[PDB]
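Chain order of the listed sequences is A, B, C, D, E and F. Per my numbering, residue 4 is the first one in the first sequence, and the count goes up by one each step. Per my numbering, residue 62 is the first one in the second sequence, and the count goes up by one each step. Per my numbering, residue 62 is the first one in the third sequence, and the count goes up by one each step. Per my numbering, residue 8 is the first one in the fourth sequence, and the count goes up by one each step. Per my numbering, residue 9 is the first one in the fifth sequence, and the count goes up by one each step. Per my numbering, residue 683 is the first one in the sixth sequence, and the count goes up by one each step. Even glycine gets a Cβ: it sits at the ideal position worked out from N, Cα and C.
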Amino acid sequence: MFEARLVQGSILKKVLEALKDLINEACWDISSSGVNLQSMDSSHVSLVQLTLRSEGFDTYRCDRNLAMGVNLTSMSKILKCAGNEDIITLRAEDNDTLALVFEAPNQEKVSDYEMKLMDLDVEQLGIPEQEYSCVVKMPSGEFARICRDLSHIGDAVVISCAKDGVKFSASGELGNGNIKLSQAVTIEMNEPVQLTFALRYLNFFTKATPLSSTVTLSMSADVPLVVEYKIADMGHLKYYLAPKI
Amino acid sequence: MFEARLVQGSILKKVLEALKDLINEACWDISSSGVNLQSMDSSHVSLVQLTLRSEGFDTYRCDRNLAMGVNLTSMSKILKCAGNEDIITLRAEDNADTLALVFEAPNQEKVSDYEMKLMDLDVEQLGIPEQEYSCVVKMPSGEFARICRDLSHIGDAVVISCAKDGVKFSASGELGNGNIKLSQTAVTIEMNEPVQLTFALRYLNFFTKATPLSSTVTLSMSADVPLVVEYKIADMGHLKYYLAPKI
Amino acid sequence: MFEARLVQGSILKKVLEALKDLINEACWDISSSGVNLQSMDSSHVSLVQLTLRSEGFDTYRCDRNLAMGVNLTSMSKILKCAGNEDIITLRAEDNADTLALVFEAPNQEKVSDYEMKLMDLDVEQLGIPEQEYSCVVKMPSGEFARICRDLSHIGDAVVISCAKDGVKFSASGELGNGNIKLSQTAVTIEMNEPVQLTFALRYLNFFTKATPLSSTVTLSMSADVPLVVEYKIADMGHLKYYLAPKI
Amino acid sequence: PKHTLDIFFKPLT
Amino acid sequence: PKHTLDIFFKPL
Amino acid sequence: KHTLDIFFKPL
Ligand SMILES: [Zn+2]
Ligand SMILES: [Zn+2]
Ligand SMILES: [Zn+2]
């Protein structure tokens with residue numbers, strides 16, 4: 004039996020908007036500590052990992068760990084039917100489908116969506132803890148607009164962490180552009196870094212934006228970037244991007 | 062001489078706005094008692110009826126019943142040229158082939174004059190008996206609207222059902238099934254017999270473009286008979302939609 | 062070199078939105094007294110004239126007169142990467158191969174540098190002989206944009222008429238016909254003798270794209286010569302559009 | 008389908 | 009249509 | 683070069 008009642012339904016709405024565009028199907032691992040999801044996009048250039056802790060939920064119970072394979076396009080479709088102040092409970096039987104119950108925030112009206120669950124052949128992948136050479140924490144809106152702006156200019160962004168602060172650069176037919184950010188923005192450097200990334204993926208990641216007014220970027224020499232959005236102390240959405248080569 | 066002045070002109074925009082989606086052309090029956098219009102959608106599954114009582118206009122004058130055939134798309138396009146805070150006045154001559162609409166801005170500095178061409182409609186007035194309904198549901202119009210937009214994403218048909226002092230709409234499709242249980246709360250349910258029908262969601266979603274007209278909608282239903290979806294207008298009349306059950 | 066730093070970067074964003082719709086390419090005439098741009102549209106039926114005086118920038122340096130050939134589509138794509146609050150600097154070396162647009166957040170925490178390839182543009186500046194006008198009309202820009210947008214659902218030409226205290230805009234088409242009458246009181250009319258001219262609305266709707274730069278707009282008309290449509294920019298210039306009567 | 012409404016609302020000679 | 013403005017505004 | 687396979691393995 005799984006049952007998880009979340010008061011701020013908006014959270015789940017937005018989490019599902021963020022996933023559905025990067026990926027299409029993904030296995031939600033439900034266990035006693037909370038809800039865990041970790042998948043790559045079709046090309047394997049990007050991964051996302053979602054964590055939602057049990058303490059985030061007004062109620063939460065899980066009897067046997069489980070691993071639900073879900074169409075994320077479909078789930079997000081069902082969720083478009085929850086209002087932004089609705090109270091959403093998910094619910095699944097021991098060993099078939101997923102209830103979603105949406106409760107009117109206060110005035111009573113309840114909705115009951117049932118969706119199937121597809122058999123999915125996913126394998127768990129290991130993220131080897133690492134200390135990053137450069138960590139940037141900036142307002143999430145600002146990062147979204149930078150990826151949006153530079154994507155008008157060229158399809159790649161060169162991200163440069165130096166003493167000063169941090170610079171983003173791109174170029175194409177229109178010309179060249181770069182944007183420099185200095186030190187609410189905090190930079191936490193350790194050995195300057197320069198990397199290049201595909202703006203396409205970054206513009207998918209910034210879809211998590213409504214979840215948080217801040218984002219943190221993590222880089223080291225020749226390793227995948229981490230974009231992270233904290234979800235009001237109940238967890239997060241982490242995205243990883245391999246370096247454009 | 063037909064002349065009718067409506068101070069709250071927005072009402073007339075929202076009205077055209079609501080008709081136009083369901084039907085392209087209809088005949089406006091004008092008489093001393095006011096404005097009556099009626100038409101089935103082009104595939105005869107549904108029907109819309111509007112009444113705007115002469116009481117409801119600030120000025121009304123009808124010298125002789127008339128019946129104007131109106132291209133509802135054209136008229137809606139002309140009405141968009143009215144400000145939402147304009148005084149709207151309608152006006153028609155002898156047997157004339159046109160309708161003048163006049164839009165006056167509150168201030169008193171801008172007056173817009175439009176002459177819409179009319180058309181020949183050879184339509185047959187349909188008879189609509191009033192009857193007592195098993196379940197009658199008064200609810201907020203936005204809820205109704207959202208319920209229908211929601212179930213639309215799940216399938217083409219909604220099963221409307223009333224049980225013990227409570228209503229429920231359900232639907233299913235590729236993605237799974239779902240239902241939405243409203244309870245008597247402002248939701249008022251008048252039941253004298255439990256009732257259970259299926260309707261085309263596509264039509265209900267046309268019906269709900271009349272939402273801006275009223276905070277309130279009433280759904281009326283009985284076994285085997287058209288669903289009536291009503292939006293009372295201000296203190297002026299109503300706009301009713303009727304919909305055949307799915308066989 | 063040329064260096065100009067505009068505190069309200071929103072002015073440039075707006076100027077560029079209102080130019081690129083009318084014209085794809087233009088020469089930006091930089092002198093020490095400010096920025097002058099002028100261009101007919103491709104069909105040579107209308108012309109834009111933009112003026113931005115040096116006093117209106119908090120910093121302004123022009124060491125030698127300059128003529129930059131700018132793809133305004135591309136400049137506007139770039140101006141979109143500027144906030145509305147951003148301070149915008151423009152900078153070119155007197156050999157004009159590139160134009161730099163630097164966008165600075167007020168808090169200075171973010172600075173964006175963009176480099177645009179400039180263009181080879183042979184253009185014969187045009188002479189706008191001195192003109193005095195029978196009828197000048199000052200009226201809210203947004204009111205005038207509504208008049209144009211609306212009449213343009215009715216027809217593709219507008220007759221504009223001054224005759225007494227007011228002015229009338231008329232159009233007519235398939236749906237029927239329509240006219241809009243404006244009287245005085247913030248609408249003003251300095252009418253010296255009546256005048257009546259016909260114009261293509263398609264172009265006026267281009268002009269009205271400048272609407273966000275100002276909350277008033279001025280129209281100037283005399284018998285048989287181009288309408289002048291003018292939007293003032295801050296205290297620091299204007300965007301004048303001109304349009305040739307219907308033959 | 009069509010005309011399922013005709014059966015309920017007929018044209019009133 | 010075209011060039012109707014060419015008659016009021018000529019190269020200088 | 684491109685994918686995350688090189689940085690993240692099964693297990
Ligand atoms: Zn009534
Ligand atoms: Zn029929
Ligand atoms: Zn020409």
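{"Item": "Near-chain E residues of the stretch 103-124 of chain C (beta-carbon distance less than 8 Å), N- to C-terminal order", "Value": "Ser104, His105, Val106, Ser107 and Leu108"}
{"Item": "Whole beta strand (DSSP E) elements within the stretch 200-244 of chain A, 3-residue minimum", "Value": "217-222, 228-234 and 238-244"}
{"Item": "Inter-residue CB distance, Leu262(C) and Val219(C) (contact presumed, cutoff 8 Å)", "Value": "5 Å"}
{"Item": "For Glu231(A), the nearest candidate out of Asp152(A), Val73(A) and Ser143(A) (CA to CA)", "Value": "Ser143(A)"}
{"Item": "Exercise answer, beta-carbon shell around ligand 1 heavy atoms below 6 Å", "Value": "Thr112(B), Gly298(B) and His299(B)"}
{"Item": "Any chain B beta carbon closer than 8 Å to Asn238(C)", "Value": "yes"}
{"Item": "Closer than 8 Å to chain E by CB, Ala87(C)", "Value": "no"}
{"Item": "N-terminal and C-terminal residue of the alpha helix (DSSP H) that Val18(A) is part of", "Value": "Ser13 to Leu25"}
{"Item": "Coil, strand or helix - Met192(A) by DSSP", "Value": "coil"}
{"Item": "Short Cβ contact (8 Å threshold) for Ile90(A) with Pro108(A)", "Value": "yes"}
{"Item": "Residues sharing a beta bridge with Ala128(C), DSSP", "Value": "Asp90(C)"}
{"Item": "Neighbourhood of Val163(C) by C-beta distance below 6 Å, restricted to the same chain and skipping five residues each side", "Value": "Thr150 and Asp174"}
{"Item": "For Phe146(A), the three-state DSSP class (helix, strand or coil)", "Value": "helix"}
{"Item": "Enclosing alpha helix (DSSP H) for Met78(A) [first to last residue]", "Value": "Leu75 to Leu82"}
{"Item": "Chain-order list of residues whose beta-carbon lies under 6 Å from that of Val48(A) (same chain, five-residue window excluded)", "Value": "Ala245"}
{"Item": "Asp102(C) burial status per 10 Å Cβ neighbour count (16 or more: buried)", "Value": "buried"}
{"Item": "Short CB-CB distance (under 8 Å) between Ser114(A) and chain B", "Value": "yes"}
{"Item": "Neighbouring residues, chain H, relative to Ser13(A) (Cβ below 8 Å)", "Value": "Structure shown: chain H not included; protein chains present are A, B, C, D, E and F."}
{"Item": "Straight-line Cα distance separating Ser92(C) from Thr120(C)", "Value": "14 Å"}
{"Item": "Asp90(B) CB to nearest heavy atom of ligand 2 below 7 Å", "Value": "no"}
{"Item": "Cutoff 8 Å: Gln169(B) Cβ touching any chain D Cβ", "Value": "no"}
{"Item": "Environment of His239(A) [buried if 16+ CB atoms lie within 10 Å]", "Value": "buried"}
{"Item": "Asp14(E): CB within 7 Å of a non-hydrogen atom of ligand 3", "Value": "yes"}
{"Item": "6 Å Cβ shell around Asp124(B) - same chain, five flanking residues per side excluded", "Value": "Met62"}
{"Item": "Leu236(C), DSSP secondary structure in three states", "Value": "coil"}
{"Item": "CB contact flag (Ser115(C), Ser94(C), <8 Å)", "Value": "yes"}
{"Item": "Members of the stretch 182-199 of chain A near chain C, C-beta cut-off 8 Å", "Value": "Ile182, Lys183, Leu184, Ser185 and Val188"}
{"Item": "C-alpha distance - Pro287(B) paired with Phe15(D), whole-angstrom precision", "Value": "8 Å"}
{"Item": "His214(B): CB within 7 Å of a non-hydrogen atom of ligand 3", "Value": "no"}
{"Item": "Contacts around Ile84(C), its chain only, beta-carbon distance under 6 Å, and the 5 residues preceding and following it disregarded", "Value": "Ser100 and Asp102"}
{"Item": "Beta carbon of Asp217(C) nearer than 8 Å to that of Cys142(B)", "Value": "no"}
{"Item": "Cut-off 7 Å between Cβ atoms - residues of its own chain near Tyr204(A), not counting five sequence neighbours on either side", "Value": "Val48, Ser49 and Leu244"}
{"Item": "Coarse secondary structure for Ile90(A), derived from DSSP in three states", "Value": "strand"}
{"Item": "Proximity test, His105(C) beta-carbon vs ligand 3 heavy atom, cut-off 7 Å", "Value": "yes"}
{"Item": "The beta strand (DSSP E) enclosing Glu58(A), as first and last residue numbers", "Value": "From DSSP, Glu58(A) is part of no beta strand (DSSP E); its letter is neither H nor E."}
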